[PDB]
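Undergrad:
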Amino acid sequence: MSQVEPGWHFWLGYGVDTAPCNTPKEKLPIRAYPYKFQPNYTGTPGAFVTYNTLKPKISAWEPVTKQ
Amino acid sequence: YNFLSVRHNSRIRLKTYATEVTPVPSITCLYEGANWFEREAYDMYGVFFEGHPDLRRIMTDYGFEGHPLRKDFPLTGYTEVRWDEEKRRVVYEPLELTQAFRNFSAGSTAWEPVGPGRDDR
Amino acid sequence: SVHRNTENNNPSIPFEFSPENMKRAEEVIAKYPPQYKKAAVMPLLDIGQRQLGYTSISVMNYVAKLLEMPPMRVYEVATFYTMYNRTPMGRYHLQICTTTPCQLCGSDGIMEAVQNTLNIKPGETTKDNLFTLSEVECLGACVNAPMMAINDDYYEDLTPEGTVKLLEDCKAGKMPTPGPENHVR
Amino acid sequence: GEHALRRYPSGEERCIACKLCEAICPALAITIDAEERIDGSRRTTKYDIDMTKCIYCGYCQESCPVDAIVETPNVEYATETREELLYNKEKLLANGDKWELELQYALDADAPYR
Amino acid sequence: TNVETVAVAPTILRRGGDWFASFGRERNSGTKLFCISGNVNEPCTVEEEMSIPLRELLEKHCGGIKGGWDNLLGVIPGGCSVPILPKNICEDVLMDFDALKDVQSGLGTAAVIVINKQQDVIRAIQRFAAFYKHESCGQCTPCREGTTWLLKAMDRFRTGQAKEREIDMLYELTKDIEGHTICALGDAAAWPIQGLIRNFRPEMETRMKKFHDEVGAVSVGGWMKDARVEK
Amino acid sequence: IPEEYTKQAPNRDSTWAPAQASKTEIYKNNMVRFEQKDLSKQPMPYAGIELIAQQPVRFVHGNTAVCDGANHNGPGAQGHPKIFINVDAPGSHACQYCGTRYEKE
Amino acid sequence: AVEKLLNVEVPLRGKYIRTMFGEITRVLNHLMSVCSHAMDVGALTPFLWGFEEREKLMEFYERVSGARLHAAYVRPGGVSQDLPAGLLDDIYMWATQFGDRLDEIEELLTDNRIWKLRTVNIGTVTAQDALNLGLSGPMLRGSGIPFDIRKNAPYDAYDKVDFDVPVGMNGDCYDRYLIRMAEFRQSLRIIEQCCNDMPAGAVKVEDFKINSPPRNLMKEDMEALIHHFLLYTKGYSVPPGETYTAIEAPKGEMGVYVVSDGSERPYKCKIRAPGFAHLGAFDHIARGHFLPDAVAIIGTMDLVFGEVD
Amino acid sequence: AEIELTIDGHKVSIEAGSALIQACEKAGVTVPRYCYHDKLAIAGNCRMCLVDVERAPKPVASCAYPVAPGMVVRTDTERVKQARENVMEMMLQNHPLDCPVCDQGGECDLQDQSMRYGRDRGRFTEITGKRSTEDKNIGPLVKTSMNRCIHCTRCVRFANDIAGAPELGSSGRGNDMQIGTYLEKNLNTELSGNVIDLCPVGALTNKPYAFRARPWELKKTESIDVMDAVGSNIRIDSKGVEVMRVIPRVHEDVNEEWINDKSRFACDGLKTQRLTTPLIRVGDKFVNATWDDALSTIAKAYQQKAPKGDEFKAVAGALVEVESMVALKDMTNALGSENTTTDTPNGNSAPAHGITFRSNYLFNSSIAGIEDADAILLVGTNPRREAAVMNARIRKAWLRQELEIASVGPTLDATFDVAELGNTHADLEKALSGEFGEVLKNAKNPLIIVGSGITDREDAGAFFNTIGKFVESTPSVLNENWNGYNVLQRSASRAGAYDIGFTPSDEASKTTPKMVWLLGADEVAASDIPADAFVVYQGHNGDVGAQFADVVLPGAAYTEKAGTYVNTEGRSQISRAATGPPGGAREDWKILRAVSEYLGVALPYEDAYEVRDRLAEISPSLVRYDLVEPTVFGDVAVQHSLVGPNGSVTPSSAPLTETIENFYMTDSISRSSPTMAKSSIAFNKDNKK
Amino acid sequence: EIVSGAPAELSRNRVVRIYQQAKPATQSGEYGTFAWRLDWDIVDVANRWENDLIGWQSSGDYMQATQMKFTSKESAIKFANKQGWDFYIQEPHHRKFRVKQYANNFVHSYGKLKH
Ligand SMILES: Cc1cc2nc3c(=O)[nH]c(=O)nc-3n(C[C@H](O)[C@H](O)[C@H](O)COP(=O)(O)O)c2cc1C
Ligand code: SF4
Ligand code: SF4
Ligand code: SF4
Ligand code: SF4
Ligand code: SF4
Ligand code: FES
Ligand code: FES
Ligand SMILES: [Zn+2]
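Protein chains in written order, with this note's numbering: chain A, -13 to 53; chain B, 434 to 554; chain C, -13 to 171; chain D, 750 to 863; chain E, 1050 to 1280; chain F, 3 to 107; chain G, 125 to 433; chain H, -3 to 685; chain I, 13 to 127.
1) Give me the chain H residues within the contact set of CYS1186/E, using Cβ-Cβ distance strictly less than 7 Å, ordered along the chain.
2) In chain order, what residues of the segment 120 to 145 of chain H put their CB closer than 7 Å to some CB of chain F?
3) I'd like to confirm something about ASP94/H: is its beta-carbon nearer than 7 Å to some heavy atom of ligand 5, or not?
4) I need the boundaries of the beta strand (DSSP E) containing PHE117/C, first residue and last residue.
5) State the DSSP-derived secondary structure class of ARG199/G, mapped to helix, strand or coil.
6) Can you tell me which of the three DSSP states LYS296/H falls into?
7) Is the beta carbon of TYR61/H within less than 7 Å of some heavy atom of ligand 9?
8) Using a Cβ-Cβ distance under 8 Å, would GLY1087/E count as near chain C?
9) Listed from N- to C-terminal order along the chain, which residues in the segment 50 to 83 of chain F have their beta-carbon within a distance smaller than 8 Å of any beta-carbon of chain H?
10) Could you list which residues in chain I have their beta carbon closer than 9 Å to that of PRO507/B, in chain order?
11) 8 Å is my cut-off, CB to CB: does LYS43/A come that close to chain H?
12) Among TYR197/G, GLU230/G and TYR298/G, which has the Cα closest to the Cα of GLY146/G?
13) Taking contact to mean 3 or more Cβ pairs, one atom from each stretch, closer than 8 Å, check whether the segment 482 to 501 of chain H and the segment 332 to 350 of chain H are in contact.
14) Kindly give me the distance between the Cβ atoms of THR41/C and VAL100/C, rounded to whole angstroms, as I take these residues to be in contact under 8 Å.
15) In whole angstroms, give me the CA-to-CA distance for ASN115/C and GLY1270/E.
16) Between which two residues does the alpha helix (DSSP H) holding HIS6/H run?
17) Examine chain G for any beta-carbon lying closer than 8 Å to the beta-carbon of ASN442/B, and answer yes or no.
18) How would you write the range of the beta strand (DSSP E) that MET240/H sits in, first residue to last?
19) Pull the bridge partners of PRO62/H from the DSSP assignment, please.
20) Check this for me: beta carbons of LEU1143/E and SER1100/E, under 8 Å apart or not?
21) Count Cβ pairs between the segment 327 to 342 of chain G and the segment 75 to 84 of chain F that sit closer than 8 Å; are there 3 or more?
22) Does the CB of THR794/D have a neighbour CB from chain F at under 8 Å?
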């Protein structure tokens, strides 16, 4: 699974009577413009990993010496 | 104690007060449905009982001291970890250091309600 | 929509008052006890208003400095009063009463006649800067309800014909008029 | 499903870190941090779902007022590490970017009942 | 002190106390001034007896009603802030305080506004709503949001966007402002609408009859759509 | 803490950081475990900082701008709740739920 | 237990849908109990045939809940959300065939000589003892006391529905079989009449101080937002004091004993489980048997140990 | 002076002519309120505290209906409840929908007290719009969204009455009331940031806190203030490592409701440049190193130099704890000598009032009794620049009572009408003998408040003996039941430093230092350095002192420890930690005990209670908390503060300079925050008019 | 005294805090006034560090977040000595009576004027 582009995933799970290549006004919110669709990468070397987004919370001082 | 009638379809409640120090007697002398429940009471609290056969633990680990439903020790417990690598298969505890602590709920509004009382008299 | 807007558009604290105004102001302040001394602030703002039309932030700051006041209390006074016009205003402020008796005797058509004469939305001014419209509520004078006021005084009992004659006249020729006739009965 | 973050049409990352989806996650599997971003509005600095401990009660979906965290219908899972389960902000925004078609079908059959 | 209650003071200290007590009621007394305006035959001003028939007042001293006695629709007695008497229980009531207080109308200004039957009471009361919007001060929390909400409602009632229950909703929200201010300006704003639900509602429903689908199907794309109130 | 790099990714479609304290360096982000991995794990956020510059400014000649964000195909209410914003000074064109810019004209 | 402690009452739509969901849940619980029982006894076909329409009941959860079997669907303030239309249309067509297939699984166990010596007067529990043991529910009514809660302390519209309760005569495991097999075809009547009598109304509680606002006008209103906000931050106000509430879950009398502080969070909650009492009675029942007796007598008294603590 | 009134069976006696809300709150009856406040004047604006009173047609506003004797008062008539719902509806149907993104999520007091008094259907249609409100800039320190202002007018009354910056005026009528100014000018006043804890809706809010947290994540923790000698009444909001914001807790004697505005923004001064690890210099090349390495380097350098007698000049830093200073003094005296001075510019000498007779030292009048003082005068200080909440009580008294107030020394604009009488000591003695010799003797319980800045100068002599001799020489009021002679300190810990008795002893002060213990001493560090420096800088947030250091010790700050502090009135106030210290960063007195191990003269005490036991053995006023009465030495202390420094210093006529130029950048925490840098550059034409 | 059911060595090691919860200054409303709180301090090396993988705050205190809610301070302290660990009590702080004439809007000869 996950080779299915997930708009069709209802139509393989009976989430809709109508096939998803019918109505254009329901189907188009997309202007988040690329749609690359990585299926799943588990066990593949390029698996998803995770990380803190931000920075450390405390921000250690920078070693600047005066005279 | 919550009790249930059969002829009368009527519940009742009966309360005592007991200290961790001093016991109160059980009610297993009257019927046989008690001796499991009072084990549960002893395990969750350390409310120690009296006049009772098989006051064991059911509801915790067998080497686990403490008593959980006392509001003394929190959700994590004292020793709750388990790992088994070097001293092989000896899944022995440690100081339970969680991975994210139970960040609590410490908010409270003005005041809930004042009760509209009702009694027969 | 009585607004409390910025102070950027070329009104940035540069003005004063004039010679007889200070004497007249001292005369006004003398009607009030020496300590506990603010209450001349509203007629002093009138004196500033008649000295400088469209009472700016500058003359208000000058008054606040003059009567020993912190300025925001003076702003808090002149934020209320619709007399204290802020935006630049033409030679003849035209205040049409559109309250209930004025409504019921036809000031609605009077405002229609004015906007036919002067194509101005009723909160704006003429591009000639001769007139500035303002719908206004009841000036008390429900005597002859199609009246309006113009910048000082009341013109009772206006037909749209008399109204457009007044708009022609008050371009140049003054009309010291209560109404077309004399009396109130 | 798997917690995909929606965005608007031409979406400015519809989650506002409003913390309502924090305060009801019954296993505390939500960890958020927020900040005033550069353009003035408030956004999520980090957004954290313990998919170890997400019971899938959907209360996150039942309370995020701008309807920005959404249970998916996709069962697309089975990672080999916990480190491949701890969803940060990028995974959830990516997951919403992978499908909103299915989510649009879901909401347009559900949002007059929610 | 009012300017009129102090204007009578030197005349009433030069005349006797029985001079002013000779008139009106056993508790109401003397003469008071009347400013009679609105859609009448001759708009005018007099200073006359209290406790007079309002019909004699209109017919003997100000011409009468423009259209005659069978062409009013309501009368605003006393203040601007007084309920409107209907055409039948304006005929024979009085022009005092206390008996008209018993007909719900506190004539605290004694300034009578009379309307033709060919004109909108709705526009009059809507104009009073805009009046109190210009004249609410700001200290009272209920007075401001009150007058704003009342204006928003009376625009709907002019245009006929309301629903039949919204009349009573309006009456309830007027009752919300009935005793809950600092000064009586909010009460003064509450009087005309409480006078509107009294004696009326054929015409609220008649204006609301003039289209269907109240609270209409609209979208609000960037501004609102499909209808609007005043701007 | 040492010398190693893999030049294959900036922050997002936007080049620099998205906000205060949201870094994009990888060494502080524990470069120990990015190895043997595609870099085609998901950098999919397009950084909505860029997507307001995508968005055009909307004009309203009134004084109060309503914002919903809700679609005109959804049967249920889906946009952010009805915030009324002011267009009074130029600059304050910011619906704090959507970032759509409302200017008075 | 909570809405008793709130002095509120869920409207009639909510009571009927919780009652019909309680009875499809009863069908599910007795079905899985009899199936796991018979699998421990040894027959594999009743297990799988019963799970075949347990999957349909899983869907009937799924078209309401967010998952297959667990659900946050009931609330203290009623329920989460009203039903979808095709569900209520389909559930009639399900209940059309479920009686036939319940007969189909019934024909090869109830009649055979196996289950007639595999279940004999085995684990006989007299009523004098069963009352003294803290037993309840199916074993109690198998010991011949015509008492449950539902006909006798009617919570949530079981008052309003024709509901007949089976009564044992012999306190063995065979009547504990047949009383469940009767409760199936008593619960199906409930699903019938709750399909018929389904009113129209508010399915949450009527006010919005206590459960959840409706998600439509939570985005067009001040007050709906503040109620939404506080209902998902601070929970909500609960008046102080104690209560206890027991209903007959299909494993027996479940009791919930809640001491509420008067605050956002319950100061004490104690569950009470038939799977913790029947398990307690097990030693007094099991004596004088063999081990393959004991395997069956586990499954009779509904010993699913996720209801121990 | 007492009156019984009955609120709903609860009879209760309170003082005559008082507030009915005060009767309700004394009677334990919760009354909802929005524009009432305790320490502000009453406005009738919010209209929520309606209560039914017999012999009254309307439910009156309990905030302002005065106490009539023997009233029957009902808070539970259905008119009251089903009018409160009415008023809450008519407060909410012009409020915006900011509740998820308004900052006061679990603290919008409107929202908090809405559910238990409110009504669901705020009646609207898509046709109807509410109103919009223009956002306004009050300053880069306060974020402002005036759309939410429910016109509680608590802000206006606060900026007028307590703050004294009247620049936040009201404007407009109807819907169009806006609060602030329509000049669009920034408020730049002291204690401005109290207002964001004061506007009960989230219309005003904190700018660096802006959206970081939301109050149920927050381990709200009791602690004691720093960066002011008053020891204010703070409470720390903590997320667990980071510190989110602070809230002034209530403490009725000391600064009952307020914070110094510098103290509000230590959070942005905390998590920015802390010392997380010990740092050592190779020399202009400044590397971090192992803890034990740095300790052995310090001990080895001590053995290299051998500064045995009258040397190793430790110095009291600005912002430390008493327990670290006890470890400092005890370690120095154990090592062999005593040389501990403070940060002050050439206060390497006694403060010209002895450490004997504690009452001579600190602000020995009560802070509440300031509003019991008839007329006071201030010398050598600008109490707006230092201890701004002391200035708040000054203005509270000055509006309450009749006070003759004069400044002598620095030229100050403070909002209570001083009369400045010179910039010279001769002007001081002239003004004392001239007309305040009449006033203070004639007045009833006067006070005389002196800055710490004069103690910095070499003019701690005749300038200070003049006022002490005047205290003795006008003995009629200032002796028995009152003590007017008072000083303030800049930093908090200098009070406890002079309590433990750091000695500037002239047998040791006339030598050169060769080892230096800096404890945050940013001020003095430019001057007091030899070539053989070996500067040991212990503390945090290495702005100045770490830049002059030889070995950095990452000390934990006030947030991370139970720092027992002394106010400027002698009260001991104990803290609690609200987070652990970041990084290595061990606790300070433990650091000095370990130095006593390596620099091998160990202390006699190492556990937690042992420190308090020795502290009790040193000065037992510091182990009994927040209750001081120094009545025993009110008279001998001025003799022993006068005769000692008498005439040793000729009175120099150098003018009394301003003690603090930049209030916003001080103390090596507020010195180092991007909040205080922004507020420090908020001085410009925007502020001026 | 030996502890009967406290498996930690809490009873010899930590300082606990009995405190009245402070009156919050932001909201008005005073429900936190009517409790008594037991709280263990964080005077620790454990003391909530920072995680390195996701960046939660994994603590080391097994009893970091724990609050009793008692009724009376002396009942609190009798419990605190009964289960027997080292405490510190903290006295609350009230708000003092001040007579508030709403009529405080009147003067003699005096410079300063207010709203
Ligand atoms: C909102 C409000 C507005 C009022 N406006 C006026 C007015 O415009 N002219 C007037 O003479 N009285 C007005 N009054 C009545 C005054 O209170 C009046 O001075 C008062 O009744 C004095 O009583 P008197 O008639 O005995 O002098 C108003 C009262 C209220 C509550
Ligand atoms: S679905 Fe449930 S468990 Fe998961 S994050 Fe949302 S509320 Fe928490
Ligand atoms: S509920 Fe919404 S606003 Fe709140 S954290 Fe979740 S996505 Fe963000
Ligand atoms: S009733 Fe009076 S005090 Fe109240 S808001 Fe209106 S004008 Fe102001
Ligand atoms: S003040 Fe802000 S958080 Fe509170 S109810 Fe209003 S919008 Fe919501
Ligand atoms: S500034 Fe804040 S506290 Fe003051 S009136 Fe406005 S909303 Fe209320
Ligand atoms: S009627 Fe409008 S002015 Fe009197
Ligand atoms: S303060 Fe009492 S009503 Fe506003
Ligand atoms: Zn928006």
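We put the CB at the ideal spot given by N, CA and C, even for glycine.
TA: Here's the rundown:
1) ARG169
2) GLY125, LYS126, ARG127, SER128, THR129, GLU130 and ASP131
3) yes
4) 117 to 122
5) strand
6) helix
7) no
8) yes
9) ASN65, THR66, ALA67, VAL68 and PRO83
10) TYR74, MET75, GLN76, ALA77 and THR78
11) yes
12) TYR197/G
13) yes
14) Going by Cβ atoms, the distance from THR41/C to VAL100/C rounds to 25 Å, so no, they are not a contact pair.
15) 38 Å
16) Segment 6 to 10 is the beta strand (DSSP E) holding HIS6/H; no alpha helix (DSSP H) there.
17) yes
18) 239 to 244
19) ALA15/H
20) yes
21) yes
22) yes
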